[PDB]
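Worksheet for the structure shown next.
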Amino acid sequence: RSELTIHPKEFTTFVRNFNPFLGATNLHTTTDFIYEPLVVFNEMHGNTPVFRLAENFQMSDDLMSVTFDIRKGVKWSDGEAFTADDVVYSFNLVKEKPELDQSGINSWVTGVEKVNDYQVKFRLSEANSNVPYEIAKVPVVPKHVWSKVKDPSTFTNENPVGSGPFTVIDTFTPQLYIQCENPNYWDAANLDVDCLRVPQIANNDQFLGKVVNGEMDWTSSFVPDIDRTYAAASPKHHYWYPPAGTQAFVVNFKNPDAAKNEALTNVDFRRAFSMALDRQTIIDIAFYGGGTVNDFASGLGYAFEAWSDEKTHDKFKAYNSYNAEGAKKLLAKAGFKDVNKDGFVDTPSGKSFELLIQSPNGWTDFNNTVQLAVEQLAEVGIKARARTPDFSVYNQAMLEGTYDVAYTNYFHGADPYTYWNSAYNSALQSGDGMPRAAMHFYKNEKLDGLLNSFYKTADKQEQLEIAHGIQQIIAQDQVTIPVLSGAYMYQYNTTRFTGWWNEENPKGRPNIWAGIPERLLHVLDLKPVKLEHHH
Ligand SMILES: CC(=O)N[C@@H]1[C@@H](O)[C@H](O[C@@H]2O[C@H](CO)[C@@H](O)[C@H](O)[C@H]2NC(C)=O)[C@@H](CO)O[C@H]1O
Ligand SMILES: [Ca+2]
Ligand SMILES: [Ca+2]
Ligand SMILES: [Ca+2]
Ligand SMILES: [Cl-]
Ligand SMILES: [Cl-]
Ligand SMILES: [Cl-]
């Protein structure tokens, strides 16, 4: 039997938890691989829908409702029948318990109803023509189970009943678990992989040793000097790094320290911070050239240059370009003066301060970015130092607003909305299932208004104009400090399997992370290599 060795997420130890709604504590082979979505949107290729457990969808009248045609003939892993009430239950479960909304679905779908056994209708809080994409983000769980569970909020779901291709827990150790083919998988014919083999790997260092020794199949980790360390180790070691989303330094607007709050809430300081940074050098040293300078004050990025209002871009690009003397003169003009002779600037009220900059433990490319930033900042007289907390500590500090500055990446869509909405919609700064992206706690009502209306009208020109408005608001206030546009790191080994996506076969986002539903489509294309013979 063919075992595919994947690595979606670092863990120090595996804790059995396959609850699809617990993204911050579950195992990361749960969405897609255990719970198949209704539709997979191919984000790299214009968000083209690939219909899965749903056959078709159709929006309404006024962009204010939608129906999904549930495919019949689809059975759960236990034997039961995938139907509309599963969808129905699932969506009610998220409105009842908004802790389980990881997407923001509850601010869109205002109710959900079983048209019949194979059709569901959703009604909206407002016109959003992109709401089928949002709808697809919600996990759909078997009603004949989850309805009767004590607390879904804490159900660890250790023997999952799933619709996806890999639902069987074959083995489970704290250092290894193997996930095996659903015996009622509807697309079983298309599937040529037996099992998912998930080893426990805690950081990029432990990962490095395995991957260069040919021990992995499908991974998406950072690999330093990848040509001379991994590519050079075997001709079987391949990779494909298509362009990804924005990475930025995010500053806390609600920092509880008086002195730090005084610096971070000041647009002149954020701009000076930004001008102190040498973006291309960060890309070259920390990422070994694997990235693109982002000198958009709005964070838009060169992948979306087509969307860009070039007036706005040019007006603020100087604040987002390496210029240490410019940084120093801005600090002086703004009044951040060193008044206690240590060479580091103090706030307008005369207070000394040091910025603690955080990135997740083990994410070494980001750790080294922060450390380059600390030195670049010191050259213009801004005192800072690095911290590398465990991801969950890192994440919590942002949700709780206790951090000073955080370096982070964002999810990346087929248009600027995925980035701009997740990074700036102030509604996403509240709610316990919310990711870290918006947690700068900068709030602008006009901005939320523009974000909320982006898919409200089918006018391509008007929509572009809304994007110009968003771009201008964010750039003027230098809300974050955008640094670069990164890559979808992806490594594959041709030793044991074939059919991989790559430059000559770019079928979609190739990565194995949770939050890349396309990985479901990717594993279906994979096929074992004929290595040995019968007798
Ligand atoms: C948008 C987002 O948050 N993506 C997360 C990934 O960045 C993250 O992958 C990790 O990315 C680090 C930063 O480049 C890498 O150094 C690290 O190797 C990589 N880890 C793995 C296992 O690929 C993943 C997993 O932590 O979570 C994504 O959501
Ligand atoms: Ca296939
Ligand atoms: Ca098969
Ligand atoms: Ca000082
Ligand atoms: Cl901009
Ligand atoms: Cl484009
Ligand atoms: Cl366009």
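Each chain of the structure tokens is named A, B, ... in the order shown, its residues numbered from 1; ligands are numbered from 1 in display order.
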- Task: Please check which protein, DNA or RNA residues sit within 10 Å of ligand 7, counting only C-alpha atoms and all ligand atoms, and write them as JSON, numbers by chain.
- Result: {"A": [304, 305, 306, 307, 308, 415, 460, 461, 463, 464]}
Closest atom pairs, chain A residues within 6 Å of ligand 3, only C-alpha atoms and all ligand atoms, as CSV:
residue,atom,partner,partner_atom_place_in_ligand_line,distance
A:188,CA,ligand 3,1 (Ca),5.1
A:189,CA,ligand 3,1 (Ca),5.3
A:191,CA,ligand 3,1 (Ca),4.7
A:192,CA,ligand 3,1 (Ca),4.8
For the residues in that selection, give me C-alpha atoms as a CSV table (one decimal), in the first residue's frame.
chain,number,residue,atom,x,y,z
A,188,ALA,CA,-12.6,6.6,-4.9
A,189,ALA,CA,-12.0,5.9,-8.6
A,191,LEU,CA,-7.9,8.4,-5.9
A,192,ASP,CA,-4.6,6.5,-6.2
- Smallest atom-to-atom distance to residue 477 (chain A): which of A:222, A:442, A:241, A:344, using only C-alpha atoms?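 Comparing A:222, A:442, A:241, A:344 against residue 477 (chain A), the winner is A:442.
Candidate residues A:28, A:519, A:260, A:436 were compared for distance to residue 352 (chain A), and the nearest is A:260, using only C-alpha atoms.
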Each residue of chain A with at least one atom at most 8 Å from ligand 4 should appear once, together with its nearest atom pair and the corresponding distance in Å (one decimal); atoms considered: only C-alpha atoms and all ligand atoms; ordering: chain, then increasing residue number; output as a tab-separated table.
residue	atom	partner	partner_atom_place_in_ligand_line	distance
A:337	CA	ligand 4	1 (Ca)	7.4
A:338	CA	ligand 4	1 (Ca)	4.1
A:339	CA	ligand 4	1 (Ca)	5.3
A:340	CA	ligand 4	1 (Ca)	4.7
A:341	CA	ligand 4	1 (Ca)	5.7
A:342	CA	ligand 4	1 (Ca)	5.0
A:343	CA	ligand 4	1 (Ca)	5.7
A:344	CA	ligand 4	1 (Ca)	4.2
A:345	CA	ligand 4	1 (Ca)	4.7
A:346	CA	ligand 4	1 (Ca)	4.8
A:351	CA	ligand 4	1 (Ca)	7.8
A:352	CA	ligand 4	1 (Ca)	5.4
A:353	CA	ligand 4	1 (Ca)	7.8
Produce a table with one row for each residue of chain A that has an atom at most 6 Å from any atom of ligand 1, each row naming the nearest atom pair and its distance in Å at one decimal; use only C-alpha atoms and all ligand atoms; arrange rows by chain and rising residue number; format as a Markdown table.
| residue | atom | partner | partner_atom_place_in_ligand_line | distance |
| --- | --- | --- | --- | --- |
| A:7 | CA | ligand 1 | 22 (C) | 5.7 |
| A:8 | CA | ligand 1 | 22 (C) | 4.9 |
| A:9 | CA | ligand 1 | 22 (C) | 3.9 |
| A:10 | CA | ligand 1 | 22 (C) | 5.0 |
| A:204 | CA | ligand 1 | 18 (O) | 5.3 |
| A:220 | CA | ligand 1 | 23 (O) | 4.2 |
| A:221 | CA | ligand 1 | 18 (O) | 3.4 |
| A:222 | CA | ligand 1 | 18 (O) | 4.0 |
| A:363 | CA | ligand 1 | 16 (O) | 3.6 |
| A:364 | CA | ligand 1 | 16 (O) | 5.3 |
| A:365 | CA | ligand 1 | 16 (O) | 5.3 |
| A:366 | CA | ligand 1 | 13 (C) | 6.0 |
| A:409 | CA | ligand 1 | 1 (C) | 5.2 |
| A:410 | CA | ligand 1 | 1 (C) | 4.3 |
| A:411 | CA | ligand 1 | 1 (C) | 4.2 |
| A:513 | CA | ligand 1 | 24 (C) | 5.8 |
- Message: At a cut-off of 10 Å and counting only C-alpha atoms and all ligand atoms, what residues surround ligand 2? Please answer as a PyMOL selection string.
- Response: chain A and resi 187-193+499+521-527
- Message: Quick check for you: according to DSSP on this backbone, which residues of region 117-343 of chain A are classed as alpha helix (DSSP H)? Reply as a ChimeraX atom specification.
- Response: /A:131-136,143-146,204-211,226-229,258-264,267-276,279-287,310-316,324-334
- Query: Can you tell me which residues sit at most 10 Å away from ligand 5, counting only C-alpha atoms and all ligand atoms, written as a VMD selection string?
  - Reply: chain A and resid 294 to 301 305 308 to 317 320 468 470 to 476 478 482
- Item | Of the listed residues A:367, A:266, A:255, A:213, that which approaches residue 237 (chain A) most closely, counting only C-alpha atoms | A:213
- Find the residues around residue 180 (chain A) up to 12 Å (only C-alpha atoms counted), leave out those fewer than 3 positions away in its own chain, and share them as a VMD selection string. chain A and resid 1 to 4 29 33 to 34 77 160 162 164 to 172 177 183 to 185 191 to 198
May I have the residues from that selection written out with N, CA, C and O atoms, as a short mmCIF file (atom, residue, chain, number, x, y, z; two decimals), in the first residue's frame?
data_model
loop_
_atom_site.label_atom_id
_atom_site.label_comp_id
_atom_site.auth_asym_id
_atom_site.auth_seq_id
_atom_site.Cartn_x
_atom_site.Cartn_y
_atom_site.Cartn_z
N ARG A 1 0.82 -1.21 0.00
CA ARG A 1 0.00 0.00 0.00
C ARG A 1 0.86 1.27 0.00
O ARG A 1 1.90 1.33 0.65
N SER A 2 0.41 2.29 -0.72
CA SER A 2 1.19 3.51 -0.90
C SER A 2 0.95 4.54 0.22
O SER A 2 -0.16 5.03 0.41
N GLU A 3 2.01 4.85 0.97
CA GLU A 3 1.92 5.86 2.01
C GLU A 3 2.55 7.17 1.53
O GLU A 3 3.69 7.19 1.08
N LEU A 4 1.79 8.25 1.60
CA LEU A 4 2.27 9.57 1.19
C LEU A 4 2.67 10.40 2.42
O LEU A 4 1.83 10.68 3.27
N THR A 29 -4.86 17.70 9.13
CA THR A 29 -5.28 16.86 8.02
C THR A 29 -6.79 16.64 8.11
O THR A 29 -7.33 15.69 7.56
N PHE A 33 -9.28 16.71 3.80
CA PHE A 33 -8.98 15.28 3.77
C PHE A 33 -9.97 14.42 4.56
O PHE A 33 -10.16 13.25 4.25
N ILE A 34 -10.58 14.98 5.60
CA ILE A 34 -11.62 14.24 6.30
C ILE A 34 -12.99 14.83 5.96
O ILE A 34 -13.94 14.10 5.70
N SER A 77 -18.30 8.15 5.74
CA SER A 77 -17.42 6.99 5.93
C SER A 77 -18.10 5.84 6.70
O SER A 77 -17.74 4.68 6.51
N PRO A 160 -13.35 10.14 13.57
CA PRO A 160 -14.16 11.02 12.72
C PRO A 160 -14.97 10.25 11.69
O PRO A 160 -14.47 9.31 11.06
N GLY A 162 -16.23 11.02 8.19
CA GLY A 162 -15.97 12.02 7.18
C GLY A 162 -16.37 11.70 5.75
O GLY A 162 -16.56 10.54 5.39
N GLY A 164 -14.50 13.03 3.10
CA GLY A 164 -13.30 13.11 2.30
C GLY A 164 -12.62 11.78 2.08
O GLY A 164 -13.06 10.76 2.58
N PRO A 165 -11.52 11.79 1.33
CA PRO A 165 -10.77 10.62 0.88
C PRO A 165 -9.97 9.86 1.93
O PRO A 165 -9.56 8.74 1.65
N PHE A 166 -9.70 10.47 3.09
CA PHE A 166 -8.84 9.84 4.10
C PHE A 166 -9.42 10.02 5.49
O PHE A 166 -9.18 11.04 6.14
N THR A 167 -10.18 9.04 5.96
CA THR A 167 -10.93 9.20 7.20
C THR A 167 -10.54 8.15 8.24
O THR A 167 -10.85 8.30 9.42
N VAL A 168 -9.86 7.11 7.80
CA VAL A 168 -9.50 6.02 8.68
C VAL A 168 -8.23 6.29 9.47
O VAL A 168 -7.15 6.46 8.89
N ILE A 169 -8.34 6.33 10.80
CA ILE A 169 -7.14 6.42 11.64
C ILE A 169 -6.50 5.05 11.81
O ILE A 169 -6.83 4.30 12.72
N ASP A 170 -5.58 4.72 10.91
CA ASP A 170 -4.84 3.46 10.93
C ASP A 170 -3.98 3.32 12.19
O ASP A 170 -4.19 2.42 13.01
N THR A 171 -2.99 4.19 12.32
CA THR A 171 -2.15 4.24 13.51
C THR A 171 -2.21 5.62 14.15
O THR A 171 -2.60 6.60 13.52
N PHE A 172 -1.82 5.69 15.42
CA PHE A 172 -1.74 6.98 16.09
C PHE A 172 -0.76 6.90 17.24
O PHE A 172 -1.02 6.24 18.24
N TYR A 177 1.20 9.66 12.90
CA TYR A 177 -0.11 9.11 12.62
C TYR A 177 -0.34 8.94 11.13
O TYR A 177 0.16 9.71 10.31
N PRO A 183 -13.66 4.24 3.16
CA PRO A 183 -14.21 3.05 2.47
C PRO A 183 -15.53 3.32 1.73
O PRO A 183 -16.05 2.44 1.05
N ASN A 184 -16.05 4.53 1.87
CA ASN A 184 -17.23 4.96 1.12
C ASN A 184 -16.95 6.25 0.37
O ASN A 184 -17.86 7.04 0.11
N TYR A 185 -15.68 6.47 0.04
CA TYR A 185 -15.32 7.69 -0.66
C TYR A 185 -15.92 7.69 -2.05
O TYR A 185 -15.65 6.79 -2.86
N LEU A 191 -8.93 8.45 -6.92
CA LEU A 191 -7.92 8.41 -5.88
C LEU A 191 -6.94 7.25 -6.07
O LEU A 191 -7.35 6.11 -6.22
N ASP A 192 -5.64 7.56 -6.05
CA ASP A 192 -4.61 6.54 -6.24
C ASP A 192 -3.60 6.51 -5.11
O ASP A 192 -2.54 5.88 -5.23
N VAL A 193 -3.91 7.20 -4.02
CA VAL A 193 -3.04 7.22 -2.86
C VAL A 193 -3.74 6.48 -1.73
O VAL A 193 -4.91 6.72 -1.47
N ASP A 194 -3.03 5.57 -1.07
CA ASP A 194 -3.64 4.76 -0.02
C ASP A 194 -3.81 5.50 1.30
O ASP A 194 -4.90 5.50 1.89
N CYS A 195 -2.71 6.10 1.76
CA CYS A 195 -2.61 6.65 3.11
C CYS A 195 -1.82 7.95 3.19
O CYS A 195 -0.90 8.17 2.42
N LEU A 196 -2.18 8.77 4.18
CA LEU A 196 -1.39 9.95 4.53
C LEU A 196 -0.53 9.64 5.75
O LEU A 196 -1.04 9.28 6.80
N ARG A 197 0.78 9.79 5.59
CA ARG A 197 1.72 9.52 6.67
C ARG A 197 2.18 10.84 7.25
O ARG A 197 2.81 11.63 6.54
N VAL A 198 1.86 11.10 8.51
CA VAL A 198 2.16 12.38 9.13
C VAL A 198 3.15 12.21 10.29
O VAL A 198 2.79 11.71 11.37
#
- Query: With only C-alpha atoms and all ligand atoms as the atoms that count, which of A:109, A:39, A:277, A:417 lies nearest to ligand 6?
  - Reply: A:417
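Note that the spacing between CA of residue 429 (chain A) and CA of residue 377 (chain A) amounts to 28.0 Å.
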- Message: When you look at region 80-88 of chain A with a cut-off of 8 Å (counting only C-alpha atoms), what residues show up, excluding the ones that are within fewer than 4 positions of it in the same chain? I need them as a VMD selection string.
- Response: chain A and resid 70 72 to 76 92 112 to 114 116 to 120 140 to 143 163
